Structure formats: structure tokens, C-alpha cells
Amino acid sequence: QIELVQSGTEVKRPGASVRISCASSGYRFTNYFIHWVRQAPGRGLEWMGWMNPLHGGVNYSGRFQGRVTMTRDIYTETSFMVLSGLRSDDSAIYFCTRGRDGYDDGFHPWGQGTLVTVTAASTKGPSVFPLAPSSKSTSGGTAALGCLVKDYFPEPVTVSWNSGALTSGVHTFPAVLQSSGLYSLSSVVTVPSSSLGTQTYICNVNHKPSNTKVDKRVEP
Amino acid sequence: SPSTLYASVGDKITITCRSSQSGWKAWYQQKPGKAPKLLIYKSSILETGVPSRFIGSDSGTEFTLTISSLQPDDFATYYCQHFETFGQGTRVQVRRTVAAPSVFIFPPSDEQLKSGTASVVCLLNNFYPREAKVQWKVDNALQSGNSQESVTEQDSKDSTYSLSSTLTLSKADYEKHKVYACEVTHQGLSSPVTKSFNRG
Amino acid sequence: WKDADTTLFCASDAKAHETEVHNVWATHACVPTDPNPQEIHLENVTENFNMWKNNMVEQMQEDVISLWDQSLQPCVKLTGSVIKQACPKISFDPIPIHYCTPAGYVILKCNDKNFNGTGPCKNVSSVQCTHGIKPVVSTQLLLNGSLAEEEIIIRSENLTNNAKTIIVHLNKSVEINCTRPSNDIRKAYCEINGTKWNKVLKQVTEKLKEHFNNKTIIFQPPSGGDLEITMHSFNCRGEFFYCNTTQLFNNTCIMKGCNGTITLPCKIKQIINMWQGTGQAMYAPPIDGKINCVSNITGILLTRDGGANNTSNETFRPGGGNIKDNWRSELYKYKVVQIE
Ligand SMILES: *[C@@H]1O[C@H](CO)[C@@H](O)[C@H](O)[C@H]1NC(C)=O
Ligand SMILES: *[C@@H]1O[C@H](CO)[C@@H](O)[C@H](O)[C@H]1NC(C)=O
Ligand SMILES: *[C@@H]1O[C@H](CO)[C@@H](O)[C@H](O)[C@H]1NC(C)=O
Ligand SMILES: *[C@@H]1O[C@H](CO)[C@@H](O)[C@H](O)[C@H]1NC(C)=O
Ligand SMILES: *[C@@H]1O[C@H](CO)[C@@H](O)[C@H](O)[C@H]1NC(C)=O
Ligand SMILES: *[C@@H]1O[C@H](CO)[C@@H](O)[C@H](O)[C@H]1NC(C)=O
Ligand SMILES: *[C@@H]1O[C@H](CO)[C@@H](O)[C@H](O)[C@H]1NC(C)=O
Ligand SMILES: *[C@@H]1O[C@H](CO)[C@@H](O)[C@H](O)[C@H]1NC(C)=O
């Protein structure tokens with residue numbers, strides 16, 4: 001079992017530093033370079049730099065540079081990556097990886113990844129606003145409706161409709177982090193327009209991390 | 001090349017990147033919420049455990065990942081590597097026929113409006129392919145900077161996508177303007193579709 | 001013949017009556033130097049060499065590890081075990097070691113004056129042993145080796161690959177004069193002539209442009225690492241010197257009125273990271289008196305920053321600490337073959 005195990009999820013203020021660990025087992029630690037690579041919801045995979053554990057030598061990407069420091073402890077077989085002066089920009093998933101010689105055969109394996117989110121925000125339940133089906137049309141066609149699940153942190157939120165009974169036509173979007181540092185998303189559903197004055201439609205919002213439940217009947 | 005690629009279970013597919021120099025090229029697959037997995041190193045060598053349907057070639061300045069028979073698991077994102085640099089990423093997606101979005105626009109609830117922000121949502125529902133352009137207008141002035149989009153994962157039953165675009169205004173701003181229009185462009189869609197409302 | 005590897009043996013002009021620690025290892029581990037070394041040129045032979053995949057280097061490394069583990073006498077050795085022990089001062093000065101092949105094998109040698117170390121080689125010759133190579137273990141700067149015969153030579157397993165170490169082979173050596181004065185005892189310094197160095201560094205830079213487009217070439221200090229590699233690190237007379245090279249890699253003084261005598265600050269350290277194996281080793285403090293040695297800077301170890309291909313510049317930082325590369329810088333023009 002050659003593997004790499006990273007430290008857990010980080011929420012940091014704008015300006016702060018993060019320290020991410022990356023623990024090695026199953027191989028001769030000093031024989032392989034460690035690379036760090038990030039996945040920012042925006043820009044595929046970006047290499048941040050390499051570190052040679054033999055002697056701690058590093059090669060950092062100019063794109064970052066100044067801001068990343070990479071160090072290791074040979075006795076615990078653990079590598080470290082500090083990213084400084086964080087910005088919203090740096091919200092991403094961060095990966096360590098083993099360069100097998102150190103690009104030639106590599107990169108394998110990888111760490112599970114470490115989510116870093118850069119926010120002013122602290123834990124907060126969502127507001128839930130109805131996305132009301134339009135009065136303009138149709139007669140015997142299809143109406144869209146929904147819930148805007150706004151201004152919560154951290155992930156995740158779950159949305160179901162009519163306590164689980166309504167699953168057909170539901171599209172619950174991925175959360176995007178807003179300018180303000182709070183997540184936001186909508187759940188929508190299409191129903192028959194002949195349904196709208198008889199069947200009621202309710203979205204069930206749960207945000208476990210704030211211990212918040214909101215139910216919102218959506219009219220008219 | 002390029003960001004999305006559409007195909008059927010059982011098709012041969014080719015993913016191509018291009019580089020000035022040499023040498024050794026690698027290929028990675030990534031699934032949502034997971035680390036990248038190494039498929040090919042040294043341009044053409046299979047990593048042990050990876051099905052032999054994955055073939056790497058390299059003709060000097062142009063190198064390719066071929067999947068000789070697309071399996072359901074192979075619908076994923078593929079990255080090429082050449083030293084530190086990675087490809088943009090090619091998302092392999094389920095091919096189906098073209099479907100135009102149904103478009104809906106939602107004003108902000110009065111309940112939200114009370115508290116000094118207004119979200120205006122535009123829904124594009126059950127369309128294909130993924131590529132679409134959403135432009136927001138306010139008394140005919142197109143806006144910019146103040147909208148985010150999200151897109152769903154391809155529907156597993158009908159292979160379509162849905163997308164929301166959300167305009168964010170201050171209420172002060174929302175109340176000083178009248179006509180709020182969502183303009184959509186898409187693979188037929190013969191011509192752009194506009195949904196709008198007048199505040200009220 | 002064909003390519004192959006085999007355990008080599010060594011040979012040196014080393015004495016049994018010497019207290020000096022390389023001699024003592026050489027006495028029981030090597031033979032005497034070849035009292036009639038013969039080189040016969042092979043006419044019209046072209047041969048491929050690869051200094052980066054040469055078993056000779058792995059073998060020279062194995063020797064020097066053995067040499068050091070037997071020779072150096074730290075007071076405290078650390079790995080989980082802490083070992084406390086006798087650490088009397090030793091005399092320490094490297095000598096030339098030669099590497100020779102047993103029967104049925106021969107060493108090919110490349111004599112193309114502008115040989116980079118990977119290509120084909122068009123003036124090939126056969127020797128029985130290498131020339132004499134001092135096992136100097138330094139970082140950043142290569143000391144007391146051979147020189148490039150013609151132009152300055154950039155050596156790399158692949159230059160476009162930023163993980164590969166770069167070896168600069170100078171064609172004109174430059175003095176470095178490091179002194180701990182008599183008799184603050186760990187405070188020391190090196191001196192290099194501003195004018196020669198800066199001349200030689202501008203030629204290095206001219207050579208790097210040929211390799212890298214006409215991309216603008218810059219030097220910077222190391223970005224990180226253990227002390228052994230962030231500083232120019234070496235052993236003089238048993239004492240481990242650590243010297244700050246910020247002022248040697250100064251691309252302001254590539255007009256101006258700046259060169260003069262450049263003096264690097266150093267200090268002698270007792271606690272070092274071991275290059276052979278795992279952990280740390282504490283040594284006794286420096287001997288009294290003038291601690292001095294005048295070495296020839298003969299090559300430079302560099303690494304080039306990654307993440308720069310969409311950009312106008314290449315940035316080069318002094319490196320090493322993979323000691324095998326020190327052996328490569330002298331062994332590059334050799335390769336063993338088997339006969340039949
Ligand atoms: C060395 O020469 C060979 C063949 O001429 C060439 O392939 C290689 O790029 C050269 N390497 C360097 C570092 O110049
Ligand atoms: C081989 O080496 C000699 C040195 O003895 C050198 O001057 C010359 O370039 C080479 N000889 C030939 C015939 O190419
Ligand atoms: C050091 O200085 C010059 C190199 O040009 C030479 O006269 C002398 O033999 C050198 N000593 C070495 C390389 O050990
Ligand atoms: C060393 O090589 C450089 C070119 O790399 C050249 O300009 C210079 O004349 C050479 N110096 C000597 C002393 O041979
Ligand atoms: C080296 O050390 C000192 C400079 O402090 C000086 O006495 C001596 O002349 C120098 N030697 C050489 C060979 O430059
Ligand atoms: C070397 O000296 C420079 C000059 O100020 C200093 O900034 C740097 O921190 C030093 N490097 C070390 C101790 O590695
Ligand atoms: C670089 O060149 C000159 C000579 O010392 C001077 O402008 C500057 O101080 C030097 N850089 C240093 C000491 O870091
Ligand atoms: C380099 O060579 C000189 C001349 O033999 C010697 O005095 C000096 O100690 C050597 N340098 C090192 C670092 O061993």
C-alpha cells in the first residue's frame with residue numbers, strides 16, 4: 001500500500017496562511033519527489049511546485065511565487081505545503097503527488113485532496129426564497145418553479161421536494177461561492193401547468209452544519 | 001482538445017493535445033470529488049491495473065489518448081501532462097440528439113426584496129449539448145460582472161443539462177429599473193430566445 | 001563490445017604512513033595507480049554516451065559513502081538512536097581516485113572537445129582506468145575538478161525538464177579563498193575576485209541564452225531547502241563550512257563600478273545533516289589557528305524554475321545535494337563496455 005494521506009478541510013480568512021500535510025507510507029520516502037497540484041473550480045489542474053525530500057530542495061511556480069513554501073520531515077515521512085496571503089482565488093482542492101522520477105513515470109499515487117475555502121464567513125444557515133411559477137402560460141403544458149437557497153456556509157445543503165415524493169423533473173444545482181463568501185443555489189422543478197391551483201409544491205431545505213431546516217411552499 | 005467531447009457507449013474515441021517539444025507525455029482521468037488517476041506514462045505505457053482499452057500514442061508534437069471501446073465508467077474528465085504543464089481537460093460526455101433549452105425567468109420574491117438584495121434567476125432546462133450563452137439585460141443595457149452560472153451533471157436518463165444564471169443586484173438598483181431580460185443562445189435555437197418581465 | 005556494468009576497482013597514489021583519512025581508506029580499499037597507463041585511440045568509431053545513466057557514478061558514490069562512514073568521527077550520531085562517541089580531530093584532504101575495469105571489460109572515453117554528455121561521440125578512445133578524480137563533496141559549486149576544454153558546457157539529462165539537475169562546466173576556473181582566521185570561532189568567509197567571477201558568470205549566461213531561445217536569463221538565490229544546499233557547503237580540513245552565495249549570483253553586476261573583492265559570509269557548523277544516510281551528526285568545534293583552503297570553482301550546479309513557459313524569462317538558482325551529480329561532472333566522458 002503505497003499511499004499519500006492529506007490533512008483535512010480548511011476554511012481560512014482572506015489574508016491568512018494554510019498549512020496542508022501529506023503523509024507517506026509504503027515506499028522509500030527519500031527516493032521520490034513530491035508535487036503539489038491544485039484544482040480550483042475554474043482552471044483544471046495547476047502544478048504549484050516540486051520538493052525533493054532527500055534534502056528539501058524545491059522548485060516553485062512563478063505563478064504563485066513568494067507565496068508557497070514546501071518542507072518535509074524525514075522521520076515522520078510527512079511533507080508540508082504552506083500557501084500564504086490567501087485570496088478567494090485560492091479556494092480550491094489541493095493535491096500532493098509522488099513524482100516517479102520526478103516527472104518521467106509519475107504522478108502516482110495522489111493524495112485524496114484537501115479543500116481550502118477562503119472566506120470571511122462563519123457557519124450560517126440558508127434563507128429560502130420561492131421561485132414562483134410564471135402566470136404567463138401555459139394552459140396544458142409545462143410550468144417551471146423552484147427555491148432559491150441563499151447565503152449559507154459551509155457546504156452542504158440538501159433539497160428535496162414534497163418530502164421526497166417529487167423527484168421527476170427536479171434539478172438541484174451545484175453551489176457556487178458568491179462574492180460575499182457565502183454559498184448559494186437553486187433547486188427547480190417542472191410540473192404540469194394544470195397542477196398549479198390544485199397541487200402544492202414545497203421544497204425541503206436541510207443545512208446540517210447549522211442545524212437548520214426550512215420548508216417553503218412555492219406559489220401560486 | 002476540446003473541453004467537452006460527446007460519444008456513445010462502445011465507440012472508439014481519441015483525445016488530442018499538442019506540444020512544441022518532447023518528451024514523455026502522461027494521461028490522467030478524474031472523477032468528481034476524487035484525485036486524478038494515472039493512465040499512461042512515457043507517452044504510451046499503461047499503468048498497471050488500467051484496462052488495455054486505454055492507448056497512448058505520441059507522433060512527435062501531437063499526442064493522444066485513445067479509448068478503443070467506451071465504457072460507462074470512462075465518462076469522465078481527461079488531463080494530458082507534459083512535465084509541469086497540464087491540458088485544459090476534456091470532459092467525455094454521453095452523446096444524444098440536439099435539444100433546445102426551455103427558458104424561464106424568475107423575479108426576486110417580495111420576501112427577499114425586503115432585506116436589501118435581489119436575485120434574478122434564469123433557467124435553461126433540459127438542453128443539449130452543454131454549450132450555451134446567457135446574456136442579461138436591464139432596460140436593454142447588457143450587464144456584466146454581476147451574474148454566476150451553475151450547470152447540472154448530465155442527466156443519467158435523458159442525457160440533457162440544465163443551467164441557472166443568477167443576476168445579483170442591490171434592491172436600490174433593482175427598484176430603479178423596469179424590464180429584466182434573459183437572452184439565450186444555443187445550437188438550434190434557430191435564433192436567440194428572450195424571456196423577460198416588467199417589475200410588477 | 002556492447003554496453004554492460006560490472007563492479008569496478010580503484011587505484012590511487014596513497015600512502016600507508018599517512019594520517020590523512022582518504023589515504024587510510026585508499027590503502028586497504030584501492031590498489032596503486034597504473035604505473036604505465038595506456039590509451040589507444042579507436043579510429044572511425046562512433047559511440048553513444050549517457051552521463052546521466054552511467055553505473056560508474058553509483059559505484060563512485062558507494063565508495064565515498066563507505067569512505068566517509070569510516071573516516072569522519074562525529075561526537076553525536078542521530079537517527080531514533082542517539083550515539084555518543086570519541087570524536088578526535090582528523091586530517092582531511094581529498095586525493096585523486098582512479099576507476100578501472102577488470103578483465104574482459106574496457107572503459108570508453110569521449111574526446112570531443114564540445115561534448116555535452118549525452119550524444120553520440122565521434123573521437124572515442126579506450127583507457128584501462130579513468131583520470132584521477134578527487135571525491136569532493138560540495139553543493140552549489142563544483143570544486144577542484146577538470147575544466148571544459150573549449151566552450152562552457154551546459155549538461156542536463158533534459159533541459160526542458162525542470163526536475164533535471166543542470167551542470168555547468170566552466171572552461172576557466174576561478175579561485176575561492178575561504179578562511180577561518182586565528183583565533184566568533186565559527187565565523188568565517190570566502191573571497192572571490194569580482195572581475196573573474198563576473199566575467200565567467202556573463203559567459204555562463206551567454207551560453208544559457210543559446211539553449212533557451214533568446215529568453216532573458218536571471219539568477220536568484222535558492223527558494224528553500226536544508227542549509228547544506230541553500231548554502232555553498234563543503235569540507236575544509238575536517239571542518240564543515242556553510243557559505244552564503246547571494247553575492248555570487250548577482251545579475252546587477254552582470255555596468256557598473258561594482259565588481260571589487262566579493263567576500264561571502266560563512267560559518268563552520270558542528271551539527272550537520274548527513275549526506276550518506278538518515279539523520280544528524282554533531283562534530284567537535286573548530287581547531288585553533290588559520291583554517292584555510294583555496295579551491296578552484298570549476299563547475300556550477302543549477303536548477304531552473306518551473307511554471308515559466310508562458311513568460312519572457314528563465315530563472316536559475318544554485319543547487320545540488322545529490323552528490324552523485326558531483327561524480328557525473330567528472331565521469332561524463334567515460335563508459336564501461338564488455339568484450340564479446
Ligand atoms: C547533447 O547533444 C545531443 C546530440 O547532439 C542532443 O540531442 C542534446 O540535446 C544535447 N544536450 C544538451 C544539454 O545540449
Ligand atoms: C582525439 O583526441 C585528440 C587528443 O589526443 C584530439 O586532439 C582530437 O580531436 C581527436 N583526434 C582525432 C583524430 O579526431
Ligand atoms: C587549481 O588551479 C588551476 C586550475 O586552472 C591549476 O593550476 C591547479 O592545478 C588547480 N588544482 C586542482 C584542480 O586541484
Ligand atoms: C570559454 O567559452 C566561452 C564561450 O562559452 C568563450 O567566449 C571564451 O573565449 C572561452 N574562454 C577561454 C579562456 O577559453
Ligand atoms: C587567501 O587568504 C587571505 C585573504 O584573507 C590572503 O592572506 C591570501 O593571500 C589568500 N590566498 C590566495 C591564494 O589568494
Ligand atoms: C544570505 O544572505 C542574504 C543577504 O541579506 C540574506 O537575505 C539571506 O537570508 C541569506 N541566506 C541564507 C542564510 O541562506
Ligand atoms: C550586486 O552588485 C553590486 C556590488 O556589490 C551592488 O549593487 C549590490 O550590493 C550587489 N548585491 C548584493 C550585495 O546583494
Ligand atoms: C582544493 O584543492 C586545494 C589544493 O590541493 C586544497 O588545498 C583544497 O583543500 C581543496 N579543496 C577542498 C574543498 O578540498
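Computed over heavy atoms, backbone and side chain alike; hydrogens, waters and symmetry mates excluded. Quick note on labels: first sequence line is chain A, next is B, and so on, each numbered from 1.
Remark: C:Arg155 is positioned above the aromatic ring of C:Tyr332, its terminal NZ or CZ atom under 6.0 angstrom from the ring centre and at most 45 degrees off the axis. Taking the ring axis of A:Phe80 as reference, the NZ or CZ atom of A:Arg72 does not stay both within 45° of it and closer than 6.0 Å to the ring centre. Both the sub-6.0 Å distance and the 45° axial angle are satisfied by C:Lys269 relative to the ring of C:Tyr242.
Interface residue A:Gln65: only side-chain heavy atoms are found under 4.5 Å from chain C. Only the backbone of C:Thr79 comes within less than 4.5 Å of a heavy atom of chain A; no side-chain atom from C-beta onward does. Only the side chain of A:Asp104 comes within contact range of chain C, judged by heavy atoms closer than 4.5 Å. For a residue to count as touching a neighbouring chain, one of its non-hydrogen atoms must lie under 4.5 Å from one of that chain's; by this rule C:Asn161 touches chain A with the side chain only. Looking at A:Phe33, the atoms closer than 4.5 Å to chain C (heavy atoms on both sides) all sit in the side chain, from C-beta outward. When heavy atoms are compared at a cutoff of 4.5 Å, A:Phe64 does not approach chain C at all.
Aromatic rings of A:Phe95 and A:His35 (six-membered ring for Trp) have centroids beyond the 6.0 Å cut-off, not under it. C:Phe234 has its ring centre less than 6.0 Å from the ring centre of C:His232. Between A:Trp36 and A:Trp50, the gap from one ring centroid to the other reaches at least 6.0 Å.
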For this session: Apply side chain to side chain contact (heavy atoms under 4.5 Å, CB included) to the pair C:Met51 and C:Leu331, showing each step before the final yes or no.
Result: CA-CA 7 Å; C:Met51 83 164 90; C:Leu331 290 174; over 6 Å; no
Exercise. So C:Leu72 and C:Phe240, side chain to side chain contact (heavy atoms under 4.5 Å, CB included) or not? Walk me through it.
Worked result: CA-CA 11 Å; C:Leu72 286 146; C:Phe240 292 94; 4.0 Å; yes
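Between chain A and the residues C:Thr278, C:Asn162, C:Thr139, the largest count of heavy-atom pairs under 4.5 Å involves C:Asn162.
When all heavy atoms are compared, the tightest approach of A:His207 to A:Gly125 is ND1-CA, 3.9 Å. Pairing each heavy atom of A:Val37 with each of A:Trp47, the nearest pair is CG2-CA, 4.0 Å.
Of residues 308-321 of chain C, those residues lying under 4.5 Å from chain A by any heavy-atom pair are C:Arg317, C:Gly320, C:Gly321. Listed by sequence position, C:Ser223, C:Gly224, C:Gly225, C:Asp226 are the residues of residues 214-228 of chain C in contact with chain A, using a 4.5 angstrom heavy-atom cutoff.
Salt-bridge annotation for A:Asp90 and A:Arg67: present, with a side-chain N of the basic residue lying under 4.0 Å from a carboxylate O of the acidic one.
Within 6.0 Å of atom CD1 in C:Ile271, 12 or fewer heavy atoms from other residues, nucleotides or ligands are found, so the atom counts as exposed in its surroundings.
Judged purely by atom type and a 3.5 angstrom limit, C:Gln140 uses its side chain to pair as donor or acceptor with the backbone of C:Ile229.
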